[PDB]
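Only one chain is included here, represented as structure tokens and corresponding to the form deposited in one PDB entry.
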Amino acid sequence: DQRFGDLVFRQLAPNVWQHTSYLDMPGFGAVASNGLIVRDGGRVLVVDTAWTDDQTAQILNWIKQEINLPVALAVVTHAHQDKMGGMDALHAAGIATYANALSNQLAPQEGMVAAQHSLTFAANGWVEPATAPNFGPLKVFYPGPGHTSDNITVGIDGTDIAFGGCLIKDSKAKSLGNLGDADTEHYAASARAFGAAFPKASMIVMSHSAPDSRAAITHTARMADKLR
């Protein structure tokens, strides 16, 4: 764990790091959110902002210091503040941003800045390549509604890593923290679909837990089974 400003960075693989940012909430301090940073040849790719613009600027600052390669694009995994709260820092820096079309449609209602480009998905959940050109190792998959209607996931090609975002919680989790915008009928199938889409991922990275094994997927699905 490397501290840099108020953020934490953890190398997960030779070309992959987890970024972690924290926000005090009423009655619960320092709520963590994780995203990813990926080195792809001569460029860097980001998955998710931090909670705030200032924190997301610090992600860019850490990249400059520790990797020193331009950030070519970012993908954000749904329209909540932990994932899209720092869009302005990316746009200020000229970084192209991508999100599920539905995330961009929800953004204004959620008080988020929309990404500059929209991803669309085939009926099997895989991103349409016309909408995700030149994504390098980021393999984007829409698993179905679960945590939200718009949640998307990202496999990191060539590594053991798949990012479930806020859809997956770790195997020690006690609840899904599902809310009005969760789809409790389909959550379990969407969680299993993420697992089936990245069948050889052995390190599951998540927004609100430290990385876990594939048991995080199964444990999350089994919790969701009870919500139907």
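Each residue number is its position in the shown sequence, starting from 1. C-alpha atoms forming the largest set that superposes within 1.5 Å between two forms make up the rigid core. Residues that one form lacks are left out of the comparison.
Omitted from view is the form deposited in another entry, to which the following refers.
Per-residue Cα shift between the shown form and the other one after core alignment stays below 2 Å for all of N178, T52, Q58, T159 except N178. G29: CA moves 2 Å or more between the shown form and the other one after rigid-core fitting. Regions where at least three consecutive shared residues each shift by 2 Å or more at the C-alpha between the shown form and the other one, after core superposition, span 27-30, 177-180.
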